There are 2 protein chains.
Amino acid sequence: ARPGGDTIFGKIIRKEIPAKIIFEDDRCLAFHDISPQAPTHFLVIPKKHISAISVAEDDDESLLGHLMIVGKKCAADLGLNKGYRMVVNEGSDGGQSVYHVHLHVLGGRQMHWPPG
Amino acid sequence: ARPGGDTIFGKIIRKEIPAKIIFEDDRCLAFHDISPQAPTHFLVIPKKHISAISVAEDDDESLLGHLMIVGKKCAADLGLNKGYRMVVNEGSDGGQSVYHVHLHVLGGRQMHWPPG
Ligand SMILES: C[As](C)(=O)[O-]
């Protein structure tokens, strides 16, 4: 139980591997996605290991909302004036991919509907 | 100003328009979207009128987390045990359809990448 958990996200948090870090505070970390689906695609993750949104606790409320505030602030810092889409994925149907909560922020192009 | 605001979502919050309500507390409402893009497709909106995520105050961090906590409990009470996708749309490039903050929860099918 190392601080930041046992996923590849734990390695980014403990600075064991480099990443394109846009923002860091004592609660979270935001960085550019390796496989960008939009001219701007970044991730906001908590430093606390929550394996899935499905198992977040009621008192993680503040932390989850902070991810969104940091997502919206980083979107403004990067010049996303025409808008953006935020995404949280759970499980197989969601395409969660990694067992650590993350918020996607995408913009720089028109996003379409449905959202996949 | 009136309780819940001057959008279509205000009318829902004051029970002027019908919605099938999944969940209600003093801070938010969850109900089925009437243009569903998945076998399950519901919204969680704050009872407080924030026009868009891009104009959310740091005073709104707790409420934003609350939307995602109620989002994941509703998904579980509706039986989305294979997963789901949570979306917030900001502005023109994000396809924001209503100027009142809303969380989409979609499930009951495989969601694809990219998410629009
Ligand atoms: C009917 As809608 C709020 O999913 O654009």
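Every chain is numbered from 1 and lettered A, B, ... according to where its sequence line falls, protein lines coming before strand lines. Counting starts at 1 for both ligands and their atoms, in listed order. Hydrogens, waters and symmetry mates are skipped; everything else that's a heavy atom, side chains included, is used.
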message: Check A:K15 with A:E24, please: is the shortest side-chain N to carboxylate O separation under 4.0 Å?
response: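 So A:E24 pairs with A:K15 through a salt bridge.
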
task: Flag the pair B:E16 and B:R2 as a salt bridge only when some basic side-chain nitrogen lies within less than 4.0 angstrom of an acidic carboxylate oxygen.
output: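 Looking at B:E16 and B:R2, the cut-off is not met.
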
message: Quick check for you: to the nearest 0.5 Å, what is the distance between A:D60 atom CG and B:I69 atom CD1?
response: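 Rounded to the nearest 0.5 Å, the CG-CD1 separation comes to 6.5 Å.
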
query: By the rule that ILVMFWY residues connect when side-chain heavy atoms come within less than 4.5 angstrom, directly or transitively, which residues belong alongside A:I12?
result: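 For the cluster that includes A:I12, the remaining residues are A:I8, A:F9, A:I13, A:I17, A:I21, A:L29, A:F31, A:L43, A:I45, A:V98.
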
field: Listed partners of A:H32 passing side-chain contact (heavy atoms from CB on, under 4.5 Å), at least two apart
entry: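 Result, side-chain contact (heavy atoms from CB on, under 4.5 Å) vs A:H32: A:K20, A:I22, A:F42, A:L78.
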
Pairs under 3.5 Å, N/O atoms on ligand 1 and on the protein: can you put them in a table with the distances?
| from | atom 1 | to | atom 2 | distance (Å) |
| --- | --- | --- | --- | --- |
| ligand 1 | 4 (O) | B:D33 | OD1 | 3.2 |
| ligand 1 | 4 (O) | B:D33 | OD2 | 2.5 |
| ligand 1 | 5 (O) | B:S97 | OG | 2.6 |

Listed pairs under 3.5 Å, donor-acceptor, residues 104-116 of chain A side chains, sequence neighbours left out:
| from | atom 1 | to | atom 2 | distance (Å) |
| --- | --- | --- | --- | --- |
| A:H104 | ND1 | A:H41 | NE2 | 2.7 |
| A:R109 | NE | A:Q37 | O | 3.1 |
| A:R109 | NH1 | B:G116 | O | 2.9 |
| A:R109 | NH2 | A:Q37 | O | 3.0 |
| A:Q110 | NE2 | B:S92 | O | 3.0 |
| A:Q110 | NE2 | B:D93 | O | 3.3 |

